[PDB]
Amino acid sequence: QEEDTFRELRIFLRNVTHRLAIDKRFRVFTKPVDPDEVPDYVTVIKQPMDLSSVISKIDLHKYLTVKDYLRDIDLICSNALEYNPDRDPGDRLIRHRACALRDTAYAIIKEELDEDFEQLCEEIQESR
């Protein structure tokens, strides 16, 4: 029954993630940064994160709340802002997309997540 709650949370998180993942603006965030393509990445960004990995984490029951989930979404975003801070187009584009990923994710959750559902998730997690 609490099990039911987390399963529902997972169903909700997979759907939101799929909707972000098929958005063409967010293509760059769908897969881990390839270390051959970007050799120093794994040096600078201590905690890589991507939408692929977010899917795996959902399935590994790593998110017990929407808060936990959005921490990883924000981490996708802050990684991009930190790794790509320059004034050039390539960096400004990724940053702009990073911010849109973040805001879209929040906006979907704000319209579609019941807050009492979140609150329940939080209270079950707090009791374990």
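All residue numbers refer to positions in the sequence shown, first residue = 1.
Problem set entry | 44-52 versus 60-68 - which carries the larger mean C-alpha B factor in the record | Between 60-68 and 44-52, it is 44-52 that shows the higher mean C-alpha B-factor.
Exercise. In the PDB record, does 28-36 or 78-86 carry the higher mean Cα temperature factor?
Worked result: According to the PDB entry, the answer is 28-36.
Exercise. So where's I94 on the chain's Cα temperature factor ranking, which third?
Worked result: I94: CA B-factor falls in the highest third of its chain.
Exercise. In terms of the CA temperature factor given in the entry, to which third of its chain does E3 belong: lowest, middle or highest?
Worked result: For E3, the deposited C-alpha B-factor lands in the highest third.
Exercise. Would the CA B-factor of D23 place it in the lowest, middle or highest third of its chain?
Worked result: Highest third, going by the recorded CA B-factors of the chain.
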